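Below, in structure tokens: the form deposited in one PDB entry, a single chain.
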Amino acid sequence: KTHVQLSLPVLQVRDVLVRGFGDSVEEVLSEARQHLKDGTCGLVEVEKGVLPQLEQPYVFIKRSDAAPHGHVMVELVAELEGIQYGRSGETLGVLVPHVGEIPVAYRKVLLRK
């Protein structure tokens, strides 16, 4: 399927144990997609002070359309030193590995895979 329904655990930035997916734009997009498929991907909602607490390159989920079955349609955009790879809508948050942190909420998304 071109799209996959996911419920992403929303983590508080200070709980996050593994603060990024790797060391290149291509690696972080690769690892993010693998974690999304394996159900080991968390979401941190972006506010003032969040991103400097995480590791670049960043992987964002961005709204790709204006919401089947409650799931917002999203796609992946990476960022490294202020340059984004991909073009999409509003940021829903930054993806991180999930290694058992307790979430505060779930974000239902339809991910363009």
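In this text, residue numbers run from 1 along the sequence as written.
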For this session: Select one of none, 1 to 3, 4 to 9, or 10 or more to describe the deposited residues without coordinates separating residue 66 and residue 67.
Result: 1 to 3
Exercise. Out of 86 to 94 and 7 to 15, which one has CA B-factors that are higher on average in the deposited record?
Worked result: 86 to 94
Problem set entry | Higher-B stretch (mean Cα B-factor, as the entry records it), 25 to 33 or 67 to 75 | 67 to 75
Problem set entry | Among modelled residues of the same chain, the CA temperature factor third for residue 44 | lowest
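Absent from the display: the form deposited with a small molecule bound. The rest refers to it.
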Problem set entry | in the entry with it bound, the one of 36, 44, 72, 78 near the small molecule [non-hydrogen atom within 4.5 angstroms] | 36
Exercise. Just to confirm, residue 108 within 4.5 Å of the small molecule in the entry with it bound by heavy atoms?
Worked result: no
